[PDB]
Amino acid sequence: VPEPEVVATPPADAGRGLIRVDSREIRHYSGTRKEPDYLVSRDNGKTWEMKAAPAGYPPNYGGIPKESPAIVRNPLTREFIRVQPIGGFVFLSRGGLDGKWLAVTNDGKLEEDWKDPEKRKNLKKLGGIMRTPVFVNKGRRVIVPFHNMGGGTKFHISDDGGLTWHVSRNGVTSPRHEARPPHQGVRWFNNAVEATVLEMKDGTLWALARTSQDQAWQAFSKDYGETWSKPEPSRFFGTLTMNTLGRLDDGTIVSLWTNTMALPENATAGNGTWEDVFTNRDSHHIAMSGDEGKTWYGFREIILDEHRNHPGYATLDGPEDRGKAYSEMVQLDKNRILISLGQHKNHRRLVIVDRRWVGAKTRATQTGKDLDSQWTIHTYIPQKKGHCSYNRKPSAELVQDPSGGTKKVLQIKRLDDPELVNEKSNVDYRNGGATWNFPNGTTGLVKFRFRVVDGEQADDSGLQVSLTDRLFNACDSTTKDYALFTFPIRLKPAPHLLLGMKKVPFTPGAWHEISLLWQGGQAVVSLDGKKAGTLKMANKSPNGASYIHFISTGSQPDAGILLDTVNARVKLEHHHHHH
């Protein structure tokens, strides 16, 4: 079934401003400080061009250049409410997007003459950084998540379509990060910020928020957002990146997020006041649920960042956030969803995704054919660039298959590259590696094909092979510490698999296939079609395995290994009562 298709670049960072006008027209508004404009599609999301908004559509009095205001349709009136990411006013439409707009006053009236700066002084100003207005309780209430970076998320609530407002009694919070190993310092503290909210079929609200932890945190409301439960970790991995929840016409829930694990903090990292560097925003993922979140499927990469391997990744526009974080979605038909995602004009995209692809149970790859589109292989030059970035290099390269043919295969080794080391930071990204996504499974079978490079190897040369539940950097040697299953291929004294205690030898100068068949807390490992050993689960997962990760283990420059094919098949383990 159709792979994700890039169709355009939105005129603002993703997360706000994407709105369906009618069955064929979809718009994405902008944060422009000049005359308002939007990107528009008149063929239900296929093709796009820029267009000026009419003079009755208000300028961005608040907000910022890189982000659109949020624009949300009131399901009862079919008019719209607009709020900014930060600052500005509350506008309500009369006659749709190209109709008359009115601004909400502090006393709960409507101002037609909002172009008058004096009259703008008695307009309602909702505080905090805001995300997306959401209509709940059969359209009778609208709530807007807002946060303070240190204080957490609460909700602006209106029961009269946006004329008058109050604040929730509480909201969502999440704990500070602790600099335990392998961290050498503290992650930027964000207290459950940038929430997305979904109304469940029974009326409960689910809030999912960005944190300093390894995963998003969540809380629930039984009173349409007045009060919220004690916050807890969610199942959606990711740190200092953003979540979006939505619902399709048939009731299926969609979760969009950046399913990554950042590199551990380095010795230069602070105490939570400010971040160091982002090493975790070069992907976006999708999962779906047909049973109000009791079970999930997919956890598929929508896209990898095209610039991820580039030594000039941050070189231009140093202060501006970039990558594939943030998203907003609009259903296009029964099977297809339009997603705006990412940050920075060179990185943000509009992508169409098919739910039947989300529900697929197999995937296969060959490094030489598929590196650019499907493989994460970047390492970082650990020298801070711009506000919070690192420039990159590919950590592995393609070489000729020594067997002959046209096949190109990926050489994964310990690099000799001083640019990948920072002694003061106390980090060393010279171990090359590679990681690849597949549909999530609590049970499955993954096979890969590898060969020892005919060259000098160090005493600890080899490959650590891990099944994981999010995308770990190619150069992250700590992946094995978070892995669901992990084991080393060791090259010295002679080549062998270490499967706990058991050494399983294999020949140099030849291709070998390894299989990993996992189910529950065990994986059976096979070598060239013969059972070789068993691995105990190293870490539990709320979801299952959706990545395989391969990283070199050598501590001195070496020749390493070659990686050819990978394939995966996972199974549905259906709900039943025999437990």
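One-based numbering along the sequence shown.
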| property | result |
| --- | --- |
| Higher-scoring stretch by recorded Cα B factor average, 117 to 125 or 501 to 509 | 501 to 509 |
| Between the two ranges 359 to 367 and 311 to 319, the one averaging a larger CA B factor in the entry | 311 to 319 |
| Member of 481, 159, 305, 214 with the greatest C-alpha B factor (per the PDB record) | 159 |
| Among 194, 333, 328, 301 - the residue whose C-alpha B-factor is largest in the record | 333 |
| Entry-reported Cα temperature factor of residue 21, expressed as the chain third it lands in | highest |
| Relative C-alpha B-factor of residue 492, binned into the chain's lowest, middle or highest third | highest |
| Residue 567 CA temperature factor, ranked by third within the chain | middle |
| Cα B factor band for residue 199 (lowest, middle or highest third within the chain) | lowest |
| Entry-reported Cα temperature factor of residue 48, expressed as the chain third it lands in | highest |
